[PDB]
Amino acid sequence: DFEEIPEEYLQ
Amino acid sequence: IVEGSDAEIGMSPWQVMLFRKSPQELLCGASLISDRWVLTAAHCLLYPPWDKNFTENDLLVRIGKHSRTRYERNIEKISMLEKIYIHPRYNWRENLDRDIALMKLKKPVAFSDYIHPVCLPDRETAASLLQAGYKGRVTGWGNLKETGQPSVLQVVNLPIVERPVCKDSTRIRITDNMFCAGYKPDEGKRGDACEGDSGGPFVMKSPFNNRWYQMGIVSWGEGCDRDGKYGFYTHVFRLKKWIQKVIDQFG
Amino acid sequence: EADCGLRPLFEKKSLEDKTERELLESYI
Ligand SMILES: N[C@H](Cc1ccccc1)C(=O)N1CCC[C@H]1C(=O)NCCc1c[nH]cn1
Ligand SMILES: *[C@@H]1O[C@H](CO)[C@@H](O)[C@H](O)[C@H]1NC(C)=O
Ligand code: NA
Ligand code: NA
């Protein structure tokens, strides 16, 4: 449902 | 938010979205109270009846948002959490008494046209504004109906309700750490917070100094926008000594 | 902070949002 967020915030 | 409307751009620049990393989904609302501190409801982070007990690394905070689902490039800012603090006397077993939590961000967020902190009330502002009939404003990305979800942040204005009416509307035990808001059946107008709006702010604009103050936190309700029921909010001023203690010792 | 509660796109520019007057009118 949500647009993917940048990978930098999930690392 | 049931029976609200789309927020204007920049209308609630203290609004925060609590976001689960995996699966990626909205968890709750919250509010920005300084460049490093976010205020929310404790049940957004800890609610054992629903097997909820989040740790810092489970979560992100998204600030400056308007769209619910879009990644708002160049506008929103996403922050990691350094530490969660839940009120030590938060009562998740019975009635959500003291439903309040603080989150410290790993790094300060930069303020902008879309990102700006709300004030917390002093005793005098609370005494002056927390009166039956006086209206505040609730905002969130939660459900549009009890039984879908909005494209953008929703906002509704609601009146504070007399404490005997709040108490007489429910079998749940109400405490001095709560207040209720919403229209009565005979008033015609409608509106409420709902699931997904948890932790979002109930704000009032002081007519004395023209600043917005966060008087409440979306805490609980029986259904959403039901006639004769009201929404219940954590009484921020009553718990401000704890807020100040946390920030002074962990800031 | 010292600037809390004053919105960049509203109070800081002396612009009102479309429903804040409803709040003021209730502060009776
Ligand atoms: N419906 C419960 C009632 C309840 C109250 C106190 C203790 C336990 C349960 C209830 O409200 N909860 C369950 C835990 C989280 C909380 C909740 O959903 N809050 C979101 C705001 C809302 C929901 N609906 C209308 N505003
Ligand atoms: C919540 O989780 C933490 C660590 O995951 C644990 O120490 C604590 O006992 C848990 N609290 C409850 C009420 O289950
Ligand atoms: Na009762
Ligand atoms: Na109602």
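Reckoned from all heavy atoms, side chains included, excluding hydrogens, waters and symmetry mates. Counting starts at 1 for both ligands and their atoms, in listed order. Note on naming: letters A, B, ... go to the chains in the order of the sequence lines (proteins, then strands), and numbering restarts at 1 for each one.
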Enquirer: Under 6.0 Å between ring centres: does that hold for B:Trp37 and B:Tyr85?
Expert: yes

Enquirer: I'd like to know if B:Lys205 and C:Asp17 make a salt bridge, using a cut-off of under 4.0 Å between side-chain N and carboxylate O.
Expert: no

Enquirer: Relative to the heavy atoms of B:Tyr47, which atoms of ligand 1 are at a distance of less than 4.0 Å?
Expert: 8 (C), 14 (C)

Enquirer: Below 3.5 Å, N or O to N or O, backbone or side chain included: is there any such pair between B:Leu96 and ligand 1?
Expert: no

Enquirer: Looking at the Na ion (ligand 4), is one of the N, O or S atoms of B:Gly231 less than 3.0 Å from it?
Expert: no

Enquirer: Name the residue from B:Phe202, B:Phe237, B:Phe232 that meets the ring-ring contact (aromatic ring centres under 6.0 Å, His included) definition with B:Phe179.
Expert: B:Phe202

Enquirer: Rounded to the nearest 0.5 Å, how far apart are NE2 of B:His87 and CG of B:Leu46?
Expert: 13.5 Å

Enquirer: I'd like to know if B:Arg73 and A:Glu3 make a salt bridge, using a cut-off of under 4.0 Å between side-chain N and carboxylate O.
Expert: no

Enquirer: Determine the minimum heavy-atom distance between C:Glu11 and B:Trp212, stating which atoms define it.
Expert: OE2-NE1, 2.8 Å

Enquirer: Quick one: does B:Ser198 get within less than 4.0 Å of ligand 1, heavy atoms only?
Expert: yes

Enquirer: Restricting to N/O/S atoms, is B:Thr170 within less than 3.0 Å of the Na ion (ligand 3) or not?
Expert: yes

Enquirer: Closer than 3.0 Å to the Na ion (ligand 4): does that hold for any N, O or S atom in B:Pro185?
Expert: no

Enquirer: With heavy atoms of B:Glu94 as the reference, note each atom of ligand 1 found under 4.0 Å away.
Expert: 7 (C)

Enquirer: State the atoms of ligand 1, each with its element, that fall below the 4.0 Å cut-off from a heavy-atom position in B:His43.
Expert: 15 (C), 19 (N)

Enquirer: Take B:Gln15 and B:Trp141 through the test side-chain hydrogen bond (donor to acceptor under 3.5 Å, both in side chains) and record every step on the way to the result.
Expert: CA-CA 10 Å; B:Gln15 188 77 27; B:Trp141 292 279; over 6 Å; no

Enquirer: Tell me which part of B:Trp50 gets within contact of ligand 1: side chain, backbone, both or neither, using heavy atoms under 4.0 Å.
Expert: side chain

Enquirer: Heavy atom to atom 17 (C) of ligand 1, shortest distance: which of B:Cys224, B:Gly200, B:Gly223, B:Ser219 holds it?
Expert: B:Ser219

Enquirer: Suppose I only count heavy atoms of B:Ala193 and a 4.0 Å limit; which atoms of ligand 1 are within that range?
Expert: 25 (C), 26 (N)

Enquirer: Check each of B:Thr234, B:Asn95, B:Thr170 against B:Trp220 using the side chain to side chain contact (heavy atoms under 4.5 Å, CB included) test, and report the only one that passes.
Expert: B:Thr170

